[PDB]
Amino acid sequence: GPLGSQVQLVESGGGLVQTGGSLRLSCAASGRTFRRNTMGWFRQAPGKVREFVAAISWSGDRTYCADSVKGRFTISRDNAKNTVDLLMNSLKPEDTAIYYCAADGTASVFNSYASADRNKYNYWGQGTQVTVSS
């Protein structure tokens, strides 16, 4: 396997939207495959811990998301293109944060509880800022 430092997750698609708007974030992985690995999105607001947003099993057959974003945010993935996406609809100011995509580099069975734990992910992007203004 590659030096941990040769693995890169790059998030993109962040920006400024008005309340009620939409963004689609996307994360491209390189340096190894994650085709058998759980991927997740987290977000961090100033002065706070990295909070779970959504996660998806390797096949896409098992997703999980935070209660506060259920119904508005959809996670999806395209293993052929090494991407994971987060479609965010009905954005509210409370959603303002740096959004991070994370990979669980161990190929293990998706667990919805584990997927919400930041410690279960060892590869993280540098984040993409999302700002929602009224």
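Numbers for residues come from their place in the sequence shown, where the first is 1.
For the two regions 20-28 and 121-129, the entry's Cα B-factors average higher over 20-28. The mean C-alpha temperature factor is higher for 29-37 when 50-58 and 29-37 are set side by side. Remark: of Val84, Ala66, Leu91, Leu87, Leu91 shows the highest value [criterion: C-alpha B-factor in the PDB entry]. Per the PDB record, residue ranking by Cα B-factor puts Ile98 in the middle third of the chain.
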